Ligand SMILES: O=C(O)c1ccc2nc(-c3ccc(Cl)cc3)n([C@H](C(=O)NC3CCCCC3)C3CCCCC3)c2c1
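Below, in structure tokens: the form solved without this ligand, a single chain.
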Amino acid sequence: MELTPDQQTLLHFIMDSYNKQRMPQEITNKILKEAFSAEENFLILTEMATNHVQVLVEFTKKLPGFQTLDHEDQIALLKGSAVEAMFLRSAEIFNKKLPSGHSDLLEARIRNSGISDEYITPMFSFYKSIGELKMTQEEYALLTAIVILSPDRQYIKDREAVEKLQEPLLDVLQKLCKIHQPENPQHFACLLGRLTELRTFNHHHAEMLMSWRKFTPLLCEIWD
């Protein structure tokens, strides 16, 4: 069981754009240095969300075939997927990229950033659920690309063109599950379970912003 030279190429382009991404040291230092107040904790989270939006657009621009889509469809996909793509990356930073103590301070800041437990509880629940899968870098990269190249987002004028880009990634992901987890046939199904769980965050996120009066005009323009 192996990827074909074509699937190897498609995967390599995805892994390359994905491995470029890095959270700046200036943000990481703030988690460690700033005062532990709702004001400062919320500001760090705001700086994290803004940086993820920049990282997201750079990753997306390099997905094979993305530049070949109608221009307004590129915007519609980016707008449709930004919230889901954020939570997925944040799960990776929280469970893999951040030192144990740093993620502990980050969590501390998250739980003391004036945000309701209504939103905090499913967030950490999802982080624990994702961490349980012991996801490889290829699975994070593919899963992120599949979330972005989702053909059922609103205001997309040509869905078949997006379907043509998404199907080979799910095919690559399923083959990687067969190759690396042959004893675990439901591994692929587990990964799909995260796509549905990520979608719930679109609603959680939308209602959360309505309980703001915490108002960040830049992020609200992206989100709604």
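Here the rigid core means the biggest group of C-alpha atoms that line up within 1.5 Å when the two forms are laid on top of each other. In this text, residue numbers run from 1 along the sequence as written.
The higher RMS C-alpha distance to the shown form in 8 other deposited structures of this protein, out of 185-193 and 26-34, belongs to 26-34, with every structure fitted on the core. Taking the root mean square of CA deviations in 8 other deposited structures of this protein after fitting on the rigid core, 139-147 and 96-104 differ, and the farther of the two is 96-104. Coordinates are lacking for 4 to 9 deposited residues between residue 213 and residue 214. With 54-62 and 39-47 compared on mean CA B-factor from the PDB entry, the stretch scoring higher is 39-47.
Two stretches are in play, 200-208 and 7-15, and the higher mean C-alpha B-factor belongs to 200-208. Ranking 134, 102, 128, 153 by the C-alpha B-factor listed in the PDB entry places 102 at the top.
Placement of the Cα temperature factor of residue 119 within the chain: highest third of the modelled residues, per the deposited record.
Residue 191: CA B factor lies in the lowest third for its chain, per the PDB record. Annotation for residue 95: C-alpha temperature factor in the middle third relative to the rest of the modelled chain, per the entry. Per the PDB record, residue ranking by Cα B-factor puts residue 179 in the middle third of the chain. Among the modelled residues of its chain, residue 162 has a C-alpha B-factor that falls in the lowest third, as given in the PDB entry.
The form solved in complex with this ligand exists for this protein as well; it is not shown, and the discussion that follows is about that form.
44 is the sole member of 69, 44, 156, 177 with a non-hydrogen atom lying within 4.5 angstroms of this ligand in the bound PDB entry.
Checked against this ligand in the bound PDB entry, the residues 147, 76, 135, 110 give one hit for a heavy atom within 4.5 Å, which is 110.
For the chain shown alone, residue 21 is a contact residue for this ligand in the bound PDB entry, at least one non-hydrogen atom being within 4.5 angstroms. Heavy atoms of residue 165 never reach within 4.5 Å of this ligand in the bound PDB entry, leaving it off the interface. This ligand is not shown here, but in the bound PDB entry it comes within 4.5 Å of a heavy atom of residue 28. In the bound PDB entry, this ligand sits beyond 4.5 Å of every heavy atom of residue 172. In plain terms, the part of the chain that comes close to this ligand in the bound PDB entry, with a heavy atom within 4.5 Å, is 45-53 out of 45-53, 184-192, 59-67, 157-165. Taking this ligand as it sits in the bound PDB entry, the stretch 192-209 comes within 4.5 angstroms of it through a non-hydrogen atom at 205, 208.
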